[PDB]
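File shown here: run.txt, holding compact mmCIF, C-alpha atoms.
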# COMPACT_ATOMS: atom_id res chain seq x y z
CA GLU A 26 102.51 95.22 120.44
CA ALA A 27 100.58 94.67 123.67
CA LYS A 28 102.18 98.05 124.49
CA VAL A 29 100.82 99.82 121.36
CA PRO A 30 97.97 102.25 122.17
CA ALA A 31 94.38 101.74 121.17
CA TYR A 32 92.80 104.21 118.77
CA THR A 33 89.81 104.94 116.58
CA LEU A 34 90.78 106.00 113.08
CA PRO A 35 89.14 109.03 111.50
CA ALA A 36 86.66 107.68 108.99
CA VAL A 37 87.89 107.78 105.44
CA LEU A 38 84.42 107.28 103.96
CA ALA A 39 82.75 109.94 106.06
CA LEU A 40 82.90 113.63 105.23
CA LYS A 41 84.12 116.09 107.83
CA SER A 42 80.47 117.02 108.45
CA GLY A 43 79.84 113.36 109.35
CA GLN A 44 77.66 112.61 106.30
CA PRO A 45 78.57 109.25 104.71
CA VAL A 46 80.30 108.90 101.34
CA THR A 47 77.90 106.66 99.50
CA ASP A 48 79.48 106.13 96.10
CA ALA A 49 82.38 106.87 93.75
CA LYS A 50 80.73 110.04 92.55
CA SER A 51 80.61 111.34 96.09
CA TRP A 52 84.28 110.42 96.72
CA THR A 53 85.41 112.10 93.52
CA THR A 54 83.34 115.25 93.97
CA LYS A 55 83.24 115.74 97.73
CA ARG A 56 85.47 113.60 99.98
CA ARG A 57 88.69 113.26 97.96
CA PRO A 58 89.05 117.04 97.40
CA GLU A 59 88.44 117.44 101.12
CA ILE A 60 91.12 114.94 102.03
CA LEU A 61 93.59 116.36 99.49
CA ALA A 62 93.12 119.85 100.93
CA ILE A 63 93.61 118.64 104.48
CA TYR A 64 96.97 117.11 103.63
CA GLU A 65 98.01 120.06 101.46
CA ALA A 66 97.59 122.40 104.37
CA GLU A 67 98.38 120.35 107.45
CA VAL A 68 101.13 117.99 106.28
CA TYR A 69 102.86 118.49 102.92
CA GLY A 70 102.13 122.13 102.03
CA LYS A 71 100.82 123.88 98.91
CA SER A 72 103.06 123.59 95.82
CA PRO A 73 103.15 125.72 92.68
CA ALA A 74 101.09 124.97 89.65
CA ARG A 75 102.40 122.86 86.81
CA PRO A 76 104.69 124.98 84.60
CA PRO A 77 103.00 125.72 81.26
CA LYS A 78 106.10 124.97 79.19
CA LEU A 79 108.72 122.47 80.26
CA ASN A 80 112.25 123.79 79.62
CA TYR A 81 114.44 120.72 79.03
CA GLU A 82 117.22 119.35 76.84
CA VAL A 83 117.96 115.76 75.81
CA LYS A 84 121.69 115.81 76.49
CA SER A 85 122.51 112.25 75.52
CA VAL A 86 120.91 109.31 73.70
CA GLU A 87 123.01 106.12 73.43
CA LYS A 88 121.91 102.78 72.00
CA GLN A 89 123.35 99.44 73.01
CA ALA A 90 124.05 100.74 76.51
CA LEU A 91 124.29 98.31 79.42
CA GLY A 92 125.87 95.61 77.30
CA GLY A 93 123.27 96.10 74.60
CA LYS A 94 120.29 95.70 76.90
CA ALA A 95 119.14 99.31 76.79
CA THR A 96 118.73 102.58 75.04
CA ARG A 97 119.99 105.20 77.54
CA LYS A 98 118.90 108.82 77.62
CA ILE A 99 119.94 111.63 79.91
CA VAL A 100 117.56 114.57 79.97
CA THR A 101 118.23 117.82 81.74
CA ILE A 102 115.16 119.51 83.14
CA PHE A 103 115.52 123.15 84.15
CA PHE A 104 113.48 124.55 86.98
CA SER A 105 114.47 128.06 85.88
CA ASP A 106 116.00 129.59 82.76
CA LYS A 107 118.51 131.47 84.93
CA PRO A 108 121.95 129.81 84.71
CA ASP A 109 123.15 127.78 87.68
CA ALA A 110 119.50 127.55 88.64
CA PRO A 111 118.38 124.27 90.18
CA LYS A 112 118.11 121.65 87.47
CA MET A 113 117.42 117.95 87.25
CA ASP A 114 119.22 115.15 85.29
CA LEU A 115 116.75 112.39 84.36
CA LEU A 116 118.29 109.02 83.53
CA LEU A 117 116.13 106.82 81.29
CA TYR A 118 116.78 103.19 80.29
CA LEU A 119 114.44 101.65 77.69
CA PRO A 120 114.62 98.03 76.46
CA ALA A 121 116.99 97.92 73.49
CA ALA A 122 114.46 95.87 71.49
CA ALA A 123 111.42 98.06 72.34
CA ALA A 124 108.97 97.57 69.48
CA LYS A 125 106.43 100.15 70.75
CA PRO A 126 106.62 102.93 73.35
CA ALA A 127 107.44 101.28 76.61
CA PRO A 128 105.84 101.42 80.02
CA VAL A 129 108.20 103.23 82.41
CA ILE A 130 108.75 103.06 86.14
CA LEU A 131 109.92 106.42 87.42
CA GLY A 132 111.86 106.47 90.69
CA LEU A 133 113.27 109.00 93.08
CA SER A 134 116.89 108.12 93.81
CA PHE A 135 118.90 108.58 96.99
CA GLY A 136 122.07 108.81 94.85
CA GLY A 137 123.20 110.28 91.59
CA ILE A 138 122.31 108.77 88.29
CA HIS A 139 125.68 107.01 88.18
CA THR A 140 124.67 104.95 91.23
CA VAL A 141 121.59 103.45 89.62
CA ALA A 142 123.41 100.93 87.42
CA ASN A 143 126.97 99.90 86.51
CA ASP A 144 127.06 102.12 83.44
CA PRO A 145 130.45 103.62 82.53
CA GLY A 146 128.84 106.05 80.10
CA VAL A 147 126.91 107.95 82.78
CA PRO A 148 128.68 111.07 84.11
CA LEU A 149 129.61 110.99 87.77
CA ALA A 150 127.04 113.12 89.54
CA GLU A 151 127.73 115.64 92.23
CA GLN A 152 126.23 114.52 95.53
CA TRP A 153 125.59 116.01 98.96
CA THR A 154 127.77 114.48 101.62
CA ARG A 155 127.65 113.55 105.29
CA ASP A 156 128.94 117.09 106.00
CA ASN A 157 126.28 118.98 104.02
CA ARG A 158 128.76 119.73 101.24
CA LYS A 159 128.18 119.21 97.55
CA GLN A 160 131.01 117.69 95.59
CA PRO A 161 131.65 115.34 92.67
CA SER A 162 131.27 111.64 93.42
CA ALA A 163 134.19 109.24 93.28
CA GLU A 164 134.23 106.59 90.53
CA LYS A 165 134.12 103.85 93.16
CA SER A 166 130.49 104.87 93.84
CA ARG A 167 129.28 104.02 90.33
CA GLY A 168 126.63 101.34 90.70
CA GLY A 169 126.43 101.59 94.48
CA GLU A 170 122.61 101.69 94.39
CA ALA A 171 122.20 99.17 91.58
CA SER A 172 120.71 96.44 93.79
CA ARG A 173 117.99 98.88 94.77
CA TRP A 174 116.90 99.45 91.16
CA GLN A 175 117.37 96.03 89.53
CA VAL A 176 117.42 97.68 86.11
CA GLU A 177 118.07 94.38 84.30
CA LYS A 178 114.90 92.83 85.78
CA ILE A 179 112.85 95.88 84.80
CA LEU A 180 114.12 95.85 81.20
CA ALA A 181 113.65 92.07 81.16
CA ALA A 182 110.04 92.62 82.14
CA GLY A 183 109.68 94.82 79.05
CA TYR A 184 109.71 98.17 80.87
CA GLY A 185 111.89 101.25 81.21
CA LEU A 186 113.43 102.78 84.32
CA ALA A 187 113.60 106.52 84.79
CA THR A 188 115.48 107.92 87.81
CA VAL A 189 116.25 111.33 89.29
CA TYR A 190 118.57 112.11 92.15
CA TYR A 191 116.30 113.78 94.72
CA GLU A 192 118.80 116.26 96.11
CA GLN A 193 118.93 118.14 92.82
CA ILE A 194 115.32 119.12 93.61
CA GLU A 195 116.16 120.12 97.20
CA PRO A 196 119.11 118.89 99.26
CA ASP A 197 118.14 116.81 102.23
CA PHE A 198 119.44 118.60 105.31
CA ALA A 199 118.18 121.45 107.43
CA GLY A 200 119.40 124.49 105.53
CA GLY A 201 119.45 122.99 102.07
CA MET A 202 116.31 124.79 101.01
CA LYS A 203 118.27 127.78 99.66
CA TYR A 204 119.87 125.36 97.20
CA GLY A 205 116.57 124.00 95.85
CA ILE A 206 113.46 124.87 93.85
CA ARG A 207 111.30 126.17 96.67
CA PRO A 208 112.95 129.65 96.76
CA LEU A 209 112.29 130.04 93.04
CA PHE A 210 108.56 130.45 93.81
CA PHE A 211 108.64 133.04 96.57
CA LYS A 212 106.55 136.16 96.06
CA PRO A 213 107.98 139.70 95.80
CA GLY A 214 110.05 140.00 98.95
CA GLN A 215 108.98 136.72 100.48
CA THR A 216 111.96 134.92 102.02
CA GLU A 217 110.49 132.02 103.95
CA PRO A 218 107.77 129.43 103.33
CA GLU A 219 104.45 130.36 104.82
CA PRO A 220 103.23 127.72 107.29
CA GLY A 221 100.95 126.08 104.70
CA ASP A 222 103.52 126.26 101.88
CA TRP A 223 105.30 123.14 100.61
CA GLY A 224 108.22 121.60 102.33
CA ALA A 225 110.83 119.28 100.99
CA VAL A 226 108.80 116.08 100.71
CA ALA A 227 106.38 118.02 98.52
CA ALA A 228 109.14 119.63 96.46
CA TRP A 229 110.56 116.16 95.73
CA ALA A 230 107.09 115.03 94.72
CA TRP A 231 106.73 118.13 92.60
CA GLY A 232 109.97 117.35 90.78
CA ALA A 233 108.77 113.81 90.06
CA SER A 234 105.76 115.33 88.26
CA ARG A 235 108.09 117.44 86.15
CA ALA A 236 109.86 114.24 85.27
CA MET A 237 106.45 112.98 84.21
CA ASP A 238 106.11 116.19 82.16
CA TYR A 239 109.13 115.09 80.12
CA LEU A 240 108.19 111.41 79.86
CA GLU A 241 104.88 112.35 78.24
CA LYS A 242 106.87 114.17 75.52
CA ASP A 243 109.16 111.19 74.89
CA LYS A 244 108.00 109.24 71.88
CA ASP A 245 109.66 106.02 73.00
CA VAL A 246 107.61 106.16 76.23
CA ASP A 247 104.01 105.00 76.69
CA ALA A 248 102.76 108.09 78.52
CA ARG A 249 99.65 106.17 79.61
CA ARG A 250 101.72 103.49 81.38
CA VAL A 251 103.97 105.25 83.91
CA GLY A 252 104.27 104.46 87.61
CA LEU A 253 106.25 105.89 90.47
CA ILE A 254 108.39 104.33 93.21
CA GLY A 255 109.95 105.80 96.34
CA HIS A 256 111.83 104.18 99.24
CA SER A 257 111.80 105.45 102.80
CA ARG A 258 111.41 109.26 102.97
CA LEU A 259 111.02 109.24 99.20
CA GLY A 260 108.10 106.86 99.61
CA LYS A 261 106.45 109.72 101.42
CA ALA A 262 107.18 111.92 98.42
CA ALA A 263 105.75 109.24 96.14
CA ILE A 264 102.50 109.06 98.09
CA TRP A 265 101.93 112.81 97.69
CA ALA A 266 103.12 112.88 94.08
CA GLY A 267 100.56 110.18 93.24
CA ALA A 268 97.94 112.07 95.20
CA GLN A 269 98.71 115.16 93.17
CA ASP A 270 99.24 113.59 89.76
CA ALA A 271 96.65 111.29 88.15
CA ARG A 272 99.07 110.39 85.34
CA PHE A 273 100.86 107.97 87.67
CA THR A 274 98.96 104.74 87.04
CA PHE A 275 100.28 103.44 90.36
CA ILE A 276 102.75 104.25 93.09
CA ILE A 277 105.01 102.04 95.13
CA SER A 278 105.82 103.17 98.66
CA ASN A 279 108.68 101.07 100.03
CA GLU A 280 108.90 101.29 103.84
CA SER A 281 107.68 104.93 103.95
CA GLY A 282 106.93 105.26 107.67
CA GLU A 283 105.35 108.24 109.43
CA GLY A 284 103.83 110.84 107.16
CA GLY A 285 103.91 108.06 104.61
CA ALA A 286 101.96 104.78 104.75
CA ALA A 287 102.30 104.10 108.50
CA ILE A 288 99.37 104.68 110.88
CA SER A 289 100.43 107.45 113.22
CA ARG A 290 98.07 106.60 116.11
CA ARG A 291 100.12 103.51 116.96
CA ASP A 292 102.21 105.80 119.20
CA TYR A 293 101.70 109.11 121.05
CA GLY A 294 103.13 111.51 118.46
CA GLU A 295 106.77 110.84 119.29
CA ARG A 296 107.73 109.83 115.74
CA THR A 297 106.10 112.98 114.40
CA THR A 298 108.19 114.96 116.86
CA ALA A 299 111.45 113.21 116.05
CA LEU A 300 110.86 113.73 112.31
CA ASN A 301 109.93 117.38 112.67
CA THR A 302 112.97 117.91 114.99
CA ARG A 303 115.57 116.01 112.97
CA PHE A 304 114.15 116.97 109.54
CA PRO A 305 112.42 120.32 109.97
CA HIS A 306 112.43 120.79 106.18
CA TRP A 307 110.43 117.65 105.31
CA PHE A 308 106.88 118.74 106.14
CA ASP A 309 105.24 122.11 106.21
CA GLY A 310 105.10 124.42 109.18
CA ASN A 311 101.52 123.55 110.12
CA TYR A 312 102.59 119.94 110.57
CA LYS A 313 104.67 120.75 113.64
CA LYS A 314 101.51 121.34 115.75
CA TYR A 315 100.95 117.56 115.79
CA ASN A 316 104.19 116.97 117.69
CA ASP A 317 103.55 114.66 120.67
CA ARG A 318 99.78 114.98 120.08
CA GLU A 319 99.70 118.65 121.15
CA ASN A 320 96.92 118.73 118.58
CA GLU A 321 95.04 115.65 117.41
CA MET A 322 95.45 114.94 113.71
CA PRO A 323 92.18 115.18 111.80
CA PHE A 324 93.63 112.53 109.47
CA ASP A 325 95.76 109.41 109.41
CA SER A 326 97.72 107.49 106.84
CA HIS A 327 94.87 105.44 105.36
CA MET A 328 93.34 108.68 104.08
CA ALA A 329 96.53 109.88 102.35
CA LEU A 330 96.90 106.47 100.73
CA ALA A 331 93.23 106.48 99.55
CA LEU A 332 94.13 109.46 97.40
CA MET A 333 95.49 106.89 94.92
CA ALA A 334 92.11 105.16 94.42
CA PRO A 335 91.22 103.73 91.95
CA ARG A 336 94.81 103.65 90.72
CA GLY A 337 97.35 101.10 92.00
CA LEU A 338 99.06 101.28 95.38
CA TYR A 339 101.81 98.97 96.58
CA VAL A 340 102.92 99.27 100.21
CA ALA A 341 105.82 97.21 101.44
CA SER A 342 107.81 96.73 104.63
CA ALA A 343 110.79 94.89 106.09
CA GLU A 344 110.76 92.82 109.30
CA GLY A 345 113.50 94.99 110.71
CA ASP A 346 112.22 98.14 108.91
CA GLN A 347 114.63 100.20 111.00
CA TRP A 348 112.55 101.23 113.98
CA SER A 349 109.73 101.81 111.44
CA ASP A 350 106.42 100.02 112.01
CA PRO A 351 105.57 97.37 109.39
CA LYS A 352 102.22 96.59 110.98
CA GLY A 353 101.34 100.28 110.85
CA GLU A 354 102.14 100.34 107.15
CA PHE A 355 99.97 97.26 106.54
CA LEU A 356 97.15 98.85 108.53
CA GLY A 357 97.41 102.03 106.50
CA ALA A 358 96.96 100.07 103.29
CA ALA A 359 94.28 97.81 104.71
CA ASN A 360 92.23 100.74 105.99
CA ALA A 361 92.54 102.54 102.67
CA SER A 362 91.30 99.59 100.64
CA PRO A 363 87.52 100.13 101.05
CA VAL A 364 87.79 103.16 98.81
CA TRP A 365 88.81 100.91 95.97
CA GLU A 366 85.58 98.91 96.32
CA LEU A 367 83.63 102.11 95.46
CA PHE A 368 85.25 101.88 92.05
CA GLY A 369 84.71 98.16 91.55
CA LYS A 370 88.33 97.36 92.35
CA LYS A 371 89.78 95.01 94.92
CA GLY A 372 92.08 96.24 97.67
CA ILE A 373 94.15 94.39 100.21
CA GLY A 374 91.41 91.80 100.73
CA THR A 375 92.17 91.20 104.41
CA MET A 376 92.51 92.94 107.74
CA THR A 377 95.14 90.54 109.07
CA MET A 378 98.81 90.99 108.41
CA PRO A 379 100.42 88.39 106.20
CA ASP A 380 103.54 86.42 106.97
CA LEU A 381 106.96 87.09 105.51
CA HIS A 382 107.33 86.82 101.74
CA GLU A 383 103.54 86.45 101.40
CA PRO A 384 102.16 89.33 99.32
CA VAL A 385 98.45 90.16 99.60
CA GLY A 386 95.98 92.13 97.53
CA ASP A 387 95.02 93.18 94.03
CA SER A 388 94.87 96.91 93.19
CA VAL A 389 96.17 97.64 96.68
CA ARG A 390 98.98 95.23 97.59
CA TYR A 391 101.19 94.65 100.60
CA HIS A 392 104.11 92.49 101.51
CA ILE A 393 106.55 92.33 104.37
CA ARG A 394 109.96 90.76 103.77
CA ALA A 395 112.80 89.68 106.02
CA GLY A 396 115.86 91.91 106.08
CA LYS A 397 116.80 95.49 106.80
CA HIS A 398 115.48 98.82 105.57
CA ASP A 399 116.31 98.69 101.85
CA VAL A 400 114.93 97.84 98.42
CA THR A 401 115.89 94.32 97.38
CA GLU A 402 115.56 91.89 94.56
CA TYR A 403 112.61 90.30 96.31
CA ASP A 404 110.73 93.61 96.49
CA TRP A 405 111.28 94.20 92.78
CA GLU A 406 110.05 90.71 91.82
CA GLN A 407 106.68 91.67 93.37
CA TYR A 408 106.69 95.24 92.05
CA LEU A 409 107.02 93.95 88.53
CA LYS A 410 104.16 91.43 88.96
CA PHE A 411 102.14 94.36 90.28
CA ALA A 412 103.18 96.51 87.33
CA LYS A 413 102.00 93.84 84.89
CA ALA A 414 98.65 93.50 86.64
CA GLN A 415 98.22 97.25 86.44
CA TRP A 416 99.23 97.59 82.81
CA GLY A 417 98.06 94.66 80.64

Mind turning this structure into structure tokens?
Amino acid sequence: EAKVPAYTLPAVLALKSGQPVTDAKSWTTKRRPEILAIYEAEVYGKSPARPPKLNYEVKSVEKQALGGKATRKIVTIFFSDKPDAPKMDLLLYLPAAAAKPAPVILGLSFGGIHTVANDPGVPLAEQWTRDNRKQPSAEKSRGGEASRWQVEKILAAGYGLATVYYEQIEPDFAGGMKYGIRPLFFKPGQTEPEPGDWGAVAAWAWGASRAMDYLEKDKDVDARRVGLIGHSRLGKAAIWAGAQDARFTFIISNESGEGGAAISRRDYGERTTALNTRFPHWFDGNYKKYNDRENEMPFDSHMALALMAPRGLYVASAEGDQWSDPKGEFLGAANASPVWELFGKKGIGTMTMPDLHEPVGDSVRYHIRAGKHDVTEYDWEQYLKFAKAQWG
């Protein structure tokens, strides 16, 4: 950490011109649109507009699911009317006893909807494998991601869990674009994304907002109390989804790294390069000019995160976060927090990184936990306290 470079962050509360942002009105009307546009063009890419009509079908509604704890729904959301188009299966669990429409936490899932809980009545999903092949999952994989979703805790807290498998939006390997939604929006004869067009992180975020499109039509769901959670690369998606979509009352970005919550200036552009090399589909084409600081970024993570203000933001890390940079994720959150004060909200409340298992902050929160890159019970215990603070 004595070997981390020094840097001066671009100022989140100054306009590009240099003029200061003096109040919430000026953020809303001037600076936030400026920051959103920067990220749209230089990082995530421009996405299509919200579809006027959502084409979807409620395939399945089962009460008493999960040993009676939950009403389960499975909702198919079509990204095109054409058959064998890309489509999305949304898994919803609502508390069996729900007396009114329930708050819902929406998540992007690394696995199929059968991995989210131990639920025999959920069809085995097709998944994309280590070899970039798509094939039906084995039954042994049911519930493999359950510890990452803690559905029983969520329902116990009085909330619902909605999940989508991200690779139905776009499969996560270089070349999987043809199998996803991005091609559906090309222009007459276009065959490749323009350099400022969305990449995969943005497509995943875009699909989360179509999930939100359904949840607002569901009459068992409190459309005014939905949040969004993403782990790792899907925490990047969740940051941009929340930026794009004011219906998410909060987002949770679990260990989201570079192009997510982590300050990029804590190295010399080598992470940016490794991401753009290994995962050329994640960000847009313009983003590759920031490789190894060939160009200086007129932005850094605190600005992307401030796109949530005044809504809730939870950033979290793990001691061994992979090679990810927990301090850089804390600093992203901490440097975003002043925007919340413009709105009369409290942010992180400190500029010093807390100790393990010591969460900080109010409308912007942070914790770091011991363990490896994952989502654990401990994370969820805090997320649900956060959700209550946001929702009461």

Inset, instruction - May I ask for the distance between CA of residue 172 in chain A and CA of residue 141 in chain A, given in Å to one decimal place? - result: 8.2 Å

Legend entry - Exercise: residue 270 in chain A partners within 10 Å, only C-alpha atoms, chain neighbours under 6 positions left out, as a ChimeraX atom specification: /A:230-231,233-234,237,333

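Between CA of residue 358 in chain A and CA of residue 375 in chain A lies a distance of 10.1 Å.
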
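Shortest atom-to-atom contact with residue 331 in chain A among A:388, A:134, A:96, A:297: A:388, counting all atoms listed in the file.
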
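Atom pair CA of residue 235 in chain A / CA of residue 79 in chain A has a distance of 7.8 Å (rounded to one decimal).
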
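Residues in contact with residue 353 in chain A at 8 Å, where only C-alpha atoms are counted and same-chain residues fewer than 6 positions away are skipped, are listed as residues 286, 287, 288, 289 and 291 of chain A.
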
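Of the listed residues A:44, A:162, A:38, A:146, the one whose atoms come nearest to residue 87 in chain A is A:146, with distances taken using all atoms listed in the file.
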
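With only C-alpha atoms as the atoms that count, the minimum distance from residue 276 in chain A to the choices A:125, A:390, A:167, A:84 is reached by A:390.
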
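Nearest to residue 409 in chain A of all the residues A:39, A:225, A:236, A:129 is A:129, based on all atoms listed in the file.
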
Inset, instruction - Considering only C-alpha atoms, return as a PyMOL selection string whatever protein or nucleic-acid residues lie within 12 Å of residue 47 in chain A, sequence-local ones (same chain, fewer than 2 positions apart) excluded. - result: chain A and resi 37-40+44-45+49-56+363-364+366-368

Legend entry - Point (99.4, 120.6, 106.6) neighbourhood (12 Å, all atoms listed in the file) written as an MDAnalysis selection string: chainID A and resid 60:72 219:224 226:227 284 307:315 322:324 329

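Considering all atoms listed in the file, the residue among A:243, A:182, A:408, A:210 positioned nearest to residue 98 in chain A is A:243.
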
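Residues with any atom within 7 Å of residue 246 in chain A, counting only C-alpha atoms and excluding same-chain neighbours fewer than 5 positions away, are residues 126, 127, 128, 129 and 240 of chain A.
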
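Here the question is which of A:28, A:155, A:318, A:139 gets nearest to residue 171 in chain A using all atoms listed in the file, and that residue is A:139.
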
Tell me, as a compact mmCIF listing (two decimals) with C-alpha atoms, keeping the file's coordinate frame, which residues lie within 10 Å of residue 121 in chain A, counting all atoms listed in the file; anything in the same chain fewer than 6 positions away does not count.
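This is the output file around_37.txt:
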# COMPACT_ATOMS: atom_id res chain seq x y z
CA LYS A 88 121.91 102.78 72.00
CA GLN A 89 123.35 99.44 73.01
CA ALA A 90 124.05 100.74 76.51
CA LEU A 91 124.29 98.31 79.42
CA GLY A 92 125.87 95.61 77.30
CA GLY A 93 123.27 96.10 74.60
CA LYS A 94 120.29 95.70 76.90
CA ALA A 95 119.14 99.31 76.79
CA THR A 96 118.73 102.58 75.04
CA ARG A 97 119.99 105.20 77.54
CA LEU A 180 114.12 95.85 81.20
CA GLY A 183 109.68 94.82 79.05
CA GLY A 185 111.89 101.25 81.21

Report, as AutoDock Vina command-line options, the axis-aligned box around all atoms of range 164-177 of chain A present in the file, extended by 8 Å on each side; give centre and edge lengths in Å to one decimal place.
--center_x 125.6 --center_y 100.5 --center_z 89.5 --size_x 33.3 --size_y 28.2 --size_z 26.5

Legend entry - Sphere at (128.0, 114.9, 95.5), radius 8 Å, counting all atoms listed in the file: residues as a ChimeraX atom specification: /A:137,150-154,158-162
